[PDB]
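Worksheet: one structure, shown below.
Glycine also receives a Cβ, built like all others from the backbone with ideal geometry; neighbour counts cover every protein chain displayed. Numbers and lists here come from the model and the stated rules, or from a named source; these are not laboratory values.
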């Protein structure tokens, strides 16, 4: 089974440079050409690079030509994407794909998991997590409020996944250079406000863990 | 010029009903493509007269 | 230099009906491929050259068309097909994809479970407040949420957090965050979010007071 | 020394799965008598061929290589392979060639299930030089001196159809011998597994 695993990726200020690296698997790495495809959440998709079996022939579209550089190491079975002169149009998700032949054209069979690149210039800010409590029935939704984190990957866990049938994790909204979600969970009336429910918020970029427990009003 | 070339690949399924058309292809237009060796003779000439062998 | 436009952007589908989407080009394209992207993962092998299905795909998907118009036809809709379908060319250089057609499962209409929460005490010490309204388990997606703040309507500072369709109950859940200032928060008494559903004639009004509790 | 070189011995091993697309390149082979890739675990060894043992003891080689492709189906699998030969050398960008472009080169198809099992693919001698050098003694590349006369591609021509109570893949052995072989200018060299 083909397993393409990307690596690298993170936060780069506009003007810096970063090198990504995909990793190959069981099937033969020299018989196929590889690529990089870009995922923005607004528009998608855009393909940016392709290098052949040997490192001789490379292909680029009109936009990223001159900025990006693709390479291979056929003994290590790895890709490399040398990105230089980054700007605000390069904050997106990057996949490594394997280009294969059809009868008349090309096609991408297997893609990787994808690493996230964020190119913007504020600082790495840890999140501030707030409880959400109502001011009576059988089904009562709870919630926490998370506001004040710039890096996009965040992980909210409700009691080590104990209440995972009714977890409604809400996506963040970019506003005032801050991403802001409001995580929620469906809790029966017997559990709350009688038992222990605490939202574990993990922020692996700044390596912080903020544990906040909803108190009754 | 006189050599077999693969021109089409289809697949016949159990969901195709009776008299369904698996392949509908122009034979001479598909041989007039850059990927075949007969293109180097046909790109520079104008008219031709030929027989066809199908397998 | 050549653009693929997918004419349905969002489509709803009942389990057991015919589903047809389209990827139109701006010039003559020989072949157009397809990809399926479920939510949270990467796209997969879906449809190569025009009608060539992949290996593990179900045998009830179709593809046809030539020149400008191209289609993807589903014979019988199931619950395993709630994803996004992109198209792709390979004729000229930029290799432009399609915009994306989101296929979501159509469900019978349900009433929204409404609850609106005050900001907490620690948020008040931060010099601001954000009124958060939960709207759970309602179909369709097209709802009109206005902030009835002492009778007046203020659509400024509205942060609506939409989710995807869950793969178990097939419902939609909504948040609505009203970003305000602490002294702006302490101007009113009545805080109302309402749900404009196409089935229920009157909007569902659930409110709390700031001076309450 | 034709007693060993005219014996077809096994050089490669590849499967023909049912989960591959039409036109996908299954395997690529450099066309030279120095090619082998098989190895064994207990004992630790690198399985030479009878053609690569004689030809490694010379500087220059010449002749027609004969590939033999033995399939192992049941009577119930059904598919075709396309064996294409692209003349050139051992370093050409060959993965961009589509299935329709591969029929420009000299090629041959093979129906898998039948009463015969082996297709013999005699490669003609195509070169610009009369002989071809054993460059594997050296460690750096040089434009002009080469070891192969091209690369050989295997395509998926038709898909593999089969019932549910048979296996979903067919394995193919690749044999390697030589006809009209000529070698001269002896040396000593011990070859190595082409890890491709």
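Collect the residues in the range A:167-186 that are buried (at least 21 other Cβ atoms within 10 Å of the Cβ) and either more than 8 Å from every other protein chain (Cβ to nearest Cβ) or part of a strand (DSSP E or B) (or both), keeping them in residue-number order. Once the filter is applied, which keeps residues that are buried (at least 21 other Cβ atoms within 10 Å of the Cβ) and either more than 8 Å from every other protein chain (Cβ to nearest Cβ) or part of a strand (DSSP E or B) (or both), the range A:167-186 yields A:168, A:180, A:181, A:183, A:184, A:185. Scanning the range C:32-45 for residues that are surrounded by fewer than 22 Cβ atoms within 10 Å (Cβ to Cβ) and more than 8 Å from every other protein chain (Cβ to nearest Cβ), we see that the one that is farthest from residue A:116 (Cα to Cα) is C:36.
Does residue C:200 meet the test of being more than 23 Å from residue A:170 (Cα to Cα), away from every other protein chain (no Cβ under 11 Å) and in a loop (DSSP other than H, G, I, E, B)?
On the way: more than 23 Å from residue A:170 (Cα to Cα): yes; away from every other protein chain (no Cβ under 11 Å): yes; in a loop (DSSP other than H, G, I, E, B): yes.
So residue C:200 fits the description; yes.
Residue count for the range C:1-18 under the criterion of being under 19 Å from the mean Cα position of the chain (by Cα) and part of a loop (DSSP other than H, G, I, E, B): the result is 5. Every condition in (1) under 13 Å from the mean Cα position of the chain (by Cα); (2) closer than 26 Å to residue A:165 by Cβ; (3) surrounded by fewer than 16 Cβ atoms within 10 Å (Cβ to Cβ) is met by residue C:169 except one, and the failing one is (1). For the range A:137-166, filtered to residues that are in a strand (DSSP E or B) and more than 10 Å from chain C (Cβ to nearest Cβ), the residue that is farthest from residue A:11 (Cα to Cα) is A:158.
Selection within the range D:80-89: residues that are within 11 Å of another protein chain (Cβ to nearest Cβ) and crowded, with 20+ Cβ neighbours inside 10 Å. The member of this set that is nearest to the chain's Cα centre (by Cα) is D:84. Within the range C:120-139, none of the residues are closer than 30 Å to residue C:10 by Cα and either surrounded by fewer than 13 Cβ atoms within 10 Å (Cβ to Cβ) or out of contact with any strand residue (DSSP E or B) (no Cβ under 7 Å at 6 or more places or on another chain) (or both).
Within the range C:160-180, restricting attention to residues that are closer than 25 Å to residue C:130 by Cβ, in contact with a strand residue (DSSP E or B) (Cβ under 7 Å, 6 or more places away or on another chain) and part of a loop (DSSP other than H, G, I, E, B), the residue that is nearest to the other protein chains (Cβ to nearest Cβ) is C:163. Tell me yes or no: at least one residue of the range B:39-46 is more than 9 Å from every other protein chain (Cβ to nearest Cβ), under 12 Å from the mean Cα position of the chain (by Cα), loosely packed, with under 11 Cβ neighbours inside 10 Å and over 26 Å from residue C:53 (Cβ atoms). The answer is no; no qualifying residue exists. Of everything in the range D:145-164 that's surrounded by fewer than 20 Cβ atoms within 10 Å (Cβ to Cβ) and assigned to a loop (DSSP other than H, G, I, E, B), which residue is farthest from the other protein chains (Cβ to nearest Cβ)? Step by step, filter the range D:145-164, then rank; the result is D:145.
For residue C:64, state whether it is part of a strand (DSSP E or B), more than 11 Å from every other protein chain (Cβ to nearest Cβ) and exposed (fewer than 15 other Cβ atoms within 10 Å of the Cβ). If you could, list the steps in order and put the result at the bottom.
Working: part of a strand (DSSP E or B): yes; more than 11 Å from every other protein chain (Cβ to nearest Cβ): yes; exposed (fewer than 15 other Cβ atoms within 10 Å of the Cβ): yes.
When the stated conditions are applied, residue C:64 passes them.
Within the range A:35-49, the presence of a residue that is assigned by CATH to the domain that holds residue A:93 and more than 25 Å from the chain's Cα centre (by Cα) is excluded.
Where residues in the range D:23-42 are under 28 Å from residue A:103 (Cα atoms) and either away from chain B (no Cβ under 14 Å) or buried (at least 21 other Cβ atoms within 10 Å of the Cβ) (or both), which of them is nearest to the chain's Cα centre (by Cα)?
If we filter the range D:23-42 for residues that are under 28 Å from residue A:103 (Cα atoms), which is where we start, we get D:23-31.
So of that shortlist, the ones also either away from chain B (no Cβ under 14 Å) or buried (at least 21 other Cβ atoms within 10 Å of the Cβ) (or both) come out as D:23, D:25-31.
On the way: D:23: 18, D:25: 13, D:26: 12, D:27: 9, D:28: 7, D:29: 4, D:30: 6, D:31: 6 Å.
The qualifying residue nearest to the chain's Cα centre (by Cα) is D:29.
Of the candidates B:25, B:6, B:13, the single residue that is in a loop (DSSP other than H, G, I, E, B) and touching a helix residue (DSSP H, G or I) at 6+ places or on another chain (Cβ under 6 Å) is B:6.
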